[PDB]
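# Secondary and tertiary structure notes
What follows is the residue order along each chain.
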Amino acid sequence: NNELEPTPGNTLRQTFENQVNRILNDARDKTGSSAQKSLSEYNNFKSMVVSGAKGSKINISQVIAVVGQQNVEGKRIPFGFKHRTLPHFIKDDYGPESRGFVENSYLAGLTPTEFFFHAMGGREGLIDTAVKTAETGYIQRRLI
Amino acid sequence: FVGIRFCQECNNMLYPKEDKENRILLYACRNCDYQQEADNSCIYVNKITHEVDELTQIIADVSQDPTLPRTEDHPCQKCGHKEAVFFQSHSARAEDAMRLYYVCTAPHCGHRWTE
Amino acid sequence: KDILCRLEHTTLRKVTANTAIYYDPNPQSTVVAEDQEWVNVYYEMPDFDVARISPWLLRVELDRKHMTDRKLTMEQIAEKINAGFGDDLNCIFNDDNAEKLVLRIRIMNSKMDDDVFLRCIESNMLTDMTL
Amino acid sequence: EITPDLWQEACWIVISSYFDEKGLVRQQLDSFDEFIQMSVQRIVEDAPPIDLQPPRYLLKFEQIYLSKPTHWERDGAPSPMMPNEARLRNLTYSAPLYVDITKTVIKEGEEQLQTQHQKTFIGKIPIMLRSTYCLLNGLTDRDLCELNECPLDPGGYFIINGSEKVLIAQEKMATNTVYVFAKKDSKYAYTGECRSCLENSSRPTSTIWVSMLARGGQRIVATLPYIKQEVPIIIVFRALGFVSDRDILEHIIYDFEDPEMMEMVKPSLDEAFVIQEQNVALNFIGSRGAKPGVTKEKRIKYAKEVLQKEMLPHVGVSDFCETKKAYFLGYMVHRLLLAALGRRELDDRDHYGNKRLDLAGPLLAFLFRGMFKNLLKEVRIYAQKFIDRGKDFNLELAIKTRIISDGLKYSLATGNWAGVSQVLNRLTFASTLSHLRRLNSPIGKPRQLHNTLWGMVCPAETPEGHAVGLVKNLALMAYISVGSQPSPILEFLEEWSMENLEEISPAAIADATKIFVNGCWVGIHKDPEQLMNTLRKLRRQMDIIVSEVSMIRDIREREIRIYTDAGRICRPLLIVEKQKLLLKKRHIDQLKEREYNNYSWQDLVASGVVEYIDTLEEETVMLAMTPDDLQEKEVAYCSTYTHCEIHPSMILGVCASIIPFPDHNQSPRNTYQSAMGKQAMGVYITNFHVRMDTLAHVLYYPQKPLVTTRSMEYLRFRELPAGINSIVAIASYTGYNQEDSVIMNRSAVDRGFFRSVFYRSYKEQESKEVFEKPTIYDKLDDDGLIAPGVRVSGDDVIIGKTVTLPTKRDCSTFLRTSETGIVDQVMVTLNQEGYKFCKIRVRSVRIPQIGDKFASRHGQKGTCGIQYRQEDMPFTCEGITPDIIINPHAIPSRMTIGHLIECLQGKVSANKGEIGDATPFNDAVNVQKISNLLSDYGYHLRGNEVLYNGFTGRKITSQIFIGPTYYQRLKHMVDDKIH
Ligand SMILES: [Zn+2]
């Protein structure tokens, strides 16, 4: 219905993608916080969470609460097919089910579409790490 | 707005031309001597805003696409067919491009509109 | 915002809405119906030479929202055109508060094509005025 | 008629029928069969007949004849040759190929003398294993296990110089298809590219560009082959034979009612109004080139030649084909214009539909074309040298089969074309299957995983490091089309209306649907819906259209594309009616008794139930994930389900199918495990005893995983696995249990954890070097080679070789820096030259030390921390000391909760007895059900157990999570690297 006055400095597409991403991210963060607060005293994950909270909070939240939205190049899953992420969806589908949001956690198991979207996200992460290590090594050598 | 005018005997394009003795716009082919009276009096128009009717580009044939999201709530007003097919503009160079156009899913009747 | 508008670069692209070259059998005739009364008001007692005007006319309708946002006015555009090209680019600006604001440009006479010349002038004008 | 709640067994037996009908390397075998039967036969269909000169000599080739593999000894006696025999020596498992030649001689006497040489040996060509022309084709299990061949060996590889080389399908851009791209730094705002060929007849690369200059006025330019300088598109169109601008615009813009396309193509006409005559356009085009003509008429002739044949060869190279070429060029310009306006999205290079995969077939066809051209050139040189006298000529002495043999051997052994035809990975059966099913990207952004790879390519399986993303692996159900002749589809199309492109007014194209066949615009059609319905019916019935033919209807673009060429990748999947599957209960019942009923997967395909969909057709189809709850009645999402997947878990590859519950892990872990499984230690082939492959590892006691996937049933993993199920407890015992290391039971290692034998093979050859014991050499026999069964220590000589010195220099071979072991087998044979060569297979016993690296199916590679005896190891109330204790803290780092679920399911399976099922997307086996099953057997539901400290006997306060888990020993060991 697009009444929905867009925010200044961005077009409709960017503004609404930002809104959807913000909603998904804050929902994921709230679910993760609730899952972490669920562990009262006996959960063995809480022992690592409260002490080693450097980078283990997100992994625990994914394990218990929700894996979360999968992003590619800082954006949701692109329409690889003709205006469609996977052939199992409908054309021009911008809902949470598509575009790479994993509703289920790791315990509940990922649906095949969610599995493929997470595979895409992990591949992007592997590429980013592979380039980042080499670039950091080059920067270190140049600086020293 | 300007369309296109073609020379007849040479089957080539007609270019704008001016005759001082009559002081009026004409269209003449540069490789021949044919001249035609110009009625539009506007050689071209530039639309940098790019305001184009997407409904004209849409063809009714796309109504029979299984991948498209068929809908039931919005009926076609031309023939009363309840079922329709809605899809976005998906056209480049349009910053404001998410409007949903509906094509009637009638048996090859066809109707394109927007709600 | 007033400080911002005088710091952000603004060509003729960002302010214009549509551009078209018409052919006028007479400036008084004014094939564009909506501009007829204003044309009659302007060309009476002309500051320029009526006999020196080119038959072609370049009419550009600007974007009202863009003009209001950048606090731009017609006289500023006209003086920018005059500074950029000189006296032999007679330009007339309709009005500010008038609905569907527009402005017209002609060429003062002083080889290849008369209309393609105006085409190239607009092409080298639309992104070079630096309003 | 319907299969409700029975869908799992039905789909799994359907997959079973598909796998035991086709196999795992079916794509390679089919491609090689197509190359041998068709490509080799068609190698002589367009090359000019050999002519030489005034006597005249003509040579022509009639037909091919390929026989079974045969080896000729030094004396030249032919003898049947077997793959095991070829593998034991360093020779090539190749079969001879003969050709029929006809030679005619004319001596200006008005008479021509023609003689035919039949079965003229043209040369030996390698025969890929398990192909239709291999001796192992159509052999039973006993027949394989009476000639020293493994029945489970997939084949699909060549034996070149005794080495098993596998051809990896090269990824390339699809041919005869128009792509519109937009480069940033380039001066062109939009570029239209079209790589074109004539199905490998000649000139493997021939592409033209249709670009448009950026306004930073839209000037459209065309770049043609053998044309150095840019040429306007209108000039090319007028050169084609359309001087009038209206005809050119008709070929460009089909609908005159669209004004913006005309007003944006106006600059193209305004830049070439000077040239209005066709001859002037030909002169303009010919004026620019590699070799400009000396005169105007020569320039016109050169321009005519380059336009007729060099550019757009796929649309036609005949004498009268200018109208079709102009129509295709206009279609390219139309595509560029509509892409500029935003009518259609820019073509995606990462899109997998626009890519083809060259299997062994096309690669060998290209190699054979090159070698045939080289042989023809050599024959011409020899004939010219021997024809100056003109006495006579002999074909037998003028043919050089050695050229073809050496070319094939060099191209399949060294792999130089690089990155193709490497030695087959024979370390694990899963590793061999993954190597036989893999894909190499053309780039030396393919880094990321595209959406179109779903079902086509395994998502999880990919290497790590610099090669990540470049190397991919096929899914279980993936297949590659071997290419079919486009003609029958053609005559069927002219059988229907298909208003031909030759005889249609341009106005009719506006409202008609364009019909393409293999990228060539064959025509237009008025009713595309019923045409596609008839095409689909024919494809399902397989009467005229084979199942591999891809048919696409772009409704919005109003186009129909038919692809019949080799390279495109497709997978078979179900066909759906209005809301019902074509697969009924009768098909399931027939497939259940697959034996003694001759009802295979081919019958299912021919019954119009399952069909092959490629990447191109995937956009036009809307799939159903599972039939159990998508065609039912609920909140309406999409009621037009036209196709359904047989099973989602089939998207994984060979290595990815090993992971149990892969959906419960994250993708980096699945990729890491796919990498690990390639180097997982275990039995790799059944006939490892007879064969001698260097760096071989065999496990003492391979076991089936307690937690398995149904896909692994078709991988023959349970037939011969790589790994052992061990009782793993997740505890931090003594600090030797760091983030990667694990601590295993020393007594249980003494009982047989991962005890392995490492076979190493040393090959030596003597030539004019003799195998004789020099006068330590104590273990050496009188033949210069130690007899098998002797323990060889460090700095010991196993091979006694002496070379003459023109008192005698010693060229013996040592044990490569103390590679202790016991010699298993000794072999001596004569090479192709007849010289005696020897092969020594030595076995070394590898017992897992505290440096060997072991990995679960979930978790990173981890070395052994320390080995504790059973009394040192903690024990439960039943005395079950864990086999391996692993770090609890490694959950965020290396292993996931998939490992915990595997442990739980393994405990449940061990207590119950039935092997647990770990199908990725099951929805009927979750954590709660496994916990309830475990609790039903007198155990804690969550898998925890009360453990007692081994050293003190004190009851450990925290109950340890202990259960049976499948672990894999890895090739990386301290014993391998100390030497
Ligand atoms: Zn004309």
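Parameters at a glance
- Residues numbered from 1 in each chain as written, not as in the entry; some residues may be left out.
- Chains lettered and ligands numbered in written order.
- Part of a larger assembly, values for the part shown.
- Heavy atoms only, no water.
- Residues with missing side-chain atoms left out of burial classes, pairs and counts.
- UniProt positions renumbered as here; feature names shortened; annotations may be inferred.
- Helix = DSSP H or I, 4+ residues; strand = E, 2+ residues; numbered from the N terminus.
- Rg over C-alpha atoms; globule rule 2.2 N^0.38 Å.
- Contact = heavy atoms within 4.5 Å.
- Axes fitted to C-alpha atoms, helices over the stretch in contact; angles between N-to-C directions.
- Parallel < 35°, antiparallel > 145°, perpendicular 65-115°, else oblique.
- Left-handed = near helix turned anticlockwise from the far one by under 90°.
- Buried area = accessible area lost by both parts, 1.4 Å probe.
- Salt bridge = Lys/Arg side-chain N within 4 Å of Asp/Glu carboxyl O.
- Donors = N, O, S within 2.8 Å, 3.2 Å for Na, K, Ca; no water.
- Buried < 20%, exposed > 50% of the residue type's maximum accessible area, 1.4 Å probe, protein only.
- Patch = residues over 30% accessible without salt bridge, like charges linked within 9 Å, V, L, I, M, F, W, Y side chains within 5 Å.
- Areas by Shrake-Rupley, 256 points an atom, 1.4 Å probe, with all protein chains shown as cover.
- Pairing = 2+ DSSP bridges.
- Core = buried A, V, L, I, M, F, W, Y, C linked by side-chain atoms within 4.5 Å.
- Polar contact = N/O pair within 3.5 Å; in protein donor to acceptor, adjacent residues only side chain to side chain.
- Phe/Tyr/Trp six-rings, centres within 6.5 Å; stacked < 30°, edge-to-face > 60°.
- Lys NZ or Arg CZ within 6 Å of the ring centre and 35° of its normal.

The record names cryo-EM as the way this model was obtained, at a resolution of 2.8 Å.

Per the PDB header, the title for this entry is "Cryo-EM structure of mammalian RNA polymerase II in complex with human RPAP2". Per UniProt, the comment on chain B under Subcellular location is "Nucleus, Nucleolus". The heading Sequence similarities in the UniProt record of chain B holds the text "Belongs to the archaeal RpoM/eukaryotic RPA12/RPB9/RPC11 RNA polymerase family."

Right, let's get into the overall build of chain A. When helices and strands are counted, chain A shows 4 helices and 2 strands. Relative to its length of 144 residues, chain A is extended, with a C-alpha radius of gyration of 18 Å against a globular reference of 15 Å. Each principal axis of the C-alpha atoms in chain A carries an extent, and together these give about 50 × 50 × 35 Å. The contacts of chain A with a sequence gap of at least 6 include a subset with a gap of at least 24, amounting to 54%.

A few words on the packing of helix α23 (residues 897–912) of chain D against helix α24 (residues 927–935) of chain D. All names here are of chain D. Here α23 crosses α24 at 40°, and the two axes come no closer than 9 Å. Judged by the angle between their axes, α23 and α24 are oblique. Where α23 crosses over α24, the handedness of that crossing is left-handed. Between α23 and α24, the residues in contact are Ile 901, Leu 904, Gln 905, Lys 907, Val 908, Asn 911 and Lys 912 and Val 927, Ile 930, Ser 931, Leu 933 and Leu 934, respectively.

On to the interface of chain D and chain A, then. Contact residues are listed per partner, giving 47 residues for chain D and 41 residues for chain A. Of the roughly 3800 Å² buried at the junction of chain D and chain A (both faces included), carbon and sulfur atoms supply 67%. Our count for the chain D to chain A interface comes out at 1 salt bridge. Per element, the largest residue contribution to the side of chain D that touches chain A is 4 residues, and it comes from helix α20 (residues 667–678) of chain D.

A word on the coordination of the zinc ion. For a metal with four donors in a tetrahedral arrangement, the ideal angle between donors is 109.5 degrees, while six donors in an octahedron ideally sit at 90 or 180 degrees. All names here are of chain B. Protein-derived coordination of the zinc ion comes from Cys 7 (SG), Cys 10 (SG) and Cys 29 (SG), at a distance range of 2.3 Å. Counting along the primary sequence, the residues that act as donors to the zinc ion give the motif C-x2-C-x18-C. Separated by 22 residues along the polypeptide, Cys 7 in the segment before β1 (15–19) and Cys 29 in the loop between β2 (24–28) and β3 (35–37) bring together distant segments of the chain. Take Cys 7: its relative accessible area is 1%, and that puts it in the buried class.

Attention shifts here to the UniProt feature "binding site: Zn(2+) 2" in chain B. Residues and elements named next belong to chain B. According to UniProt, the feature "binding site: Zn(2+) 2" maps to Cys 76, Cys 79, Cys 104 and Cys 109 in the numbering used here. A maximum C-alpha distance of 10.9 Å among these annotated residues, which run over 34 residues, shows that they cluster at one spot. Within the secondary structure, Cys 76 sits in the loop between β5 (70–71) and β6 (84–87). Overall, the relative accessible area of 2% leaves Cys 76 in the buried class. By secondary structure assignment, the location of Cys 79 is in the loop between β5 and β6. When its relative accessible area of 39% is taken as the criterion, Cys 79 is described as partly exposed. In this structure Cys 79 touches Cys 104 and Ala 106, once residues within four positions along its chain are discounted.

In total, this model carries 63 salt bridges over all chains according to the counting rule given. Residue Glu 17 of chain A is joined to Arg 76 of chain A by a salt bridge in which the shortest nitrogen-to-oxygen separation is 3.0 Å. Residue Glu 17 of chain A is found in helix α1 (residues 12–38), and its partner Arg 76 of chain A is found in the loop between β1 (68–69) and β2 (101–102); the two are separated by 59 residues along the sequence. Among the ionic pairs, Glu 305 of chain D bridges to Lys 309 of chain D, the shortest N-O distance being 2.4 Å. Pair noted here: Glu 305 of chain D and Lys 309 of chain D are both in helix α9 (residues 296–310), with a separation of 4 residues, about one helical turn.

Turning our eyes to something else, we now look at a nonpolar patch on the surface. Residues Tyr 700, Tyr 701, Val 845 and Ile 847 of chain D make up a contiguous nonpolar surface patch of about 370 Å² in total accessible area. Relative to the helices and strands, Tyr 701 of chain D is located in the loop between β28 (696–699) and β29 (707–708).

Residue and element names in this part refer to chain B. Here we have 3 strands laid out as an open sheet, ordered β1-β2-β3, and antiparallel in their pairing. Each edge of the sheet is formed by a strand with only one pairing partner; in this case those strands are β1 and β3. Ignoring which end each strand starts from, the neighbouring axes of this sheet average 45° apart. Inspection of the sheet shows β2 paired to β3 by 3 bridges, in the antiparallel sense. What sits directly across from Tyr 27, in β3, is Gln 36.

Another point: the pairing of β1 of chain B. In this structure, β1 of chain B lies alongside β2 of chain B, joined through 5 bridges in antiparallel fashion. Bridge pairing in β2 of chain B places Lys 17 of chain B opposite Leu 26 of chain B.

What follows concerns the environment of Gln 35 of chain B. Residue and element names in this part refer to chain B. Structurally, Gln 35 is set in strand β3. The spatial distance from the C-alpha of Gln 35 to the C-alpha of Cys 76 is 48 Å, given a sequence separation of 41 residues. Setting aside residues up to four positions removed in sequence, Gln 35 forms contacts with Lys 17, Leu 26, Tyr 27 and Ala 28.

What follows deals with the environment of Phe 875 of chain D. Residues and elements named next belong to chain D. For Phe 875, the location among the structural elements is in strand β41 (residues 875–876). Taking relative accessible area as the criterion, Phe 875 reaches 30% and is therefore assigned partly exposed. In sequence terms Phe 875 and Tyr 948 are 73 residues apart; their C-alpha atoms lie 5.3 Å from each other. Dropping the residues within four chain positions of it, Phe 875 is found in contact with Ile 880, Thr 881, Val 946, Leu 947, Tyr 948 and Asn 949.

Quick look at the nonpolar core now. Residues and elements named next belong to chain D. Counting residues in hydrophobic clusters, the biggest one holds 130 residues, and the most contacted among them are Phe 19, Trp 601 and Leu 604. No other element matches the 9 residues that helix α1 (residues 7–21) contributes to this core. When near neighbours in sequence (up to four residues on either side) are disregarded, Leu 604 contacts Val 14, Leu 583, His 587, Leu 591, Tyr 599, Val 609 and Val 610.

With that out of the way, let us pick up the environment of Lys 100 of chain C. Residue and element names in this part refer to chain C. Relative to the assigned elements, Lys 100 resides in the loop between β3 (91–93) and β4 (102–105). Taking the C-alpha atoms as reference points, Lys 100 and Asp 87, separated by 13 residues in sequence, lie 27 Å from one another. Once residues lying within four places of it in the same chain are set aside, the contact partners of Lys 100 are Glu 34, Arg 59, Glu 61 and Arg 64. Here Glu 34 takes part through its side chain, which lies 3.0 Å from a polar atom of the side chain of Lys 100.

Residue and element names in this part refer to chain D. The alternating pattern of strand β10 (residues 178–181) places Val 178 and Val 180 and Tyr 179 and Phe 181 on opposite faces, both of which are buried. Across 4 bridges, β10 lies against strand β11 (residues 188–195) in antiparallel orientation. Residue pairing across strands places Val 178 opposite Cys 194, the latter belonging to β11. Where β10 hands over to β11, the hairpin turn is made up of 6 residues, counted between the paired strands.

Residues and elements named next belong to chain D. Per the counting criterion, the structure on display carries 42 aromatic pairs over all chains. The interplanar angle of 80° and the centroid separation of 5.0 Å between the aromatic rings of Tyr 18 and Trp 601 together place this pair among those described as edge-to-face. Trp 601 shares its class with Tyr 18; the two are buried. Relative to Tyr 714, the ring of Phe 19 has its centre 5.3 Å away and its plane inclined at 10°; by these criteria the two rings are stacked. Comparing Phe 19 with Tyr 714 shows no difference in burial state: the two are buried. Here the aromatic residues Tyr 254, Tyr 327, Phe 328, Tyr 331, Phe 516 and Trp 521 are joined through ring pairs into a cluster of three or more. If you follow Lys 22 out to its NZ or CZ, it ends over the ring of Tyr 479, 5.5 Å from the centre. Above the plane of the ring of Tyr 563 lies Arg 356, whose end atom (NZ or CZ) is 5.4 Å from the centre.

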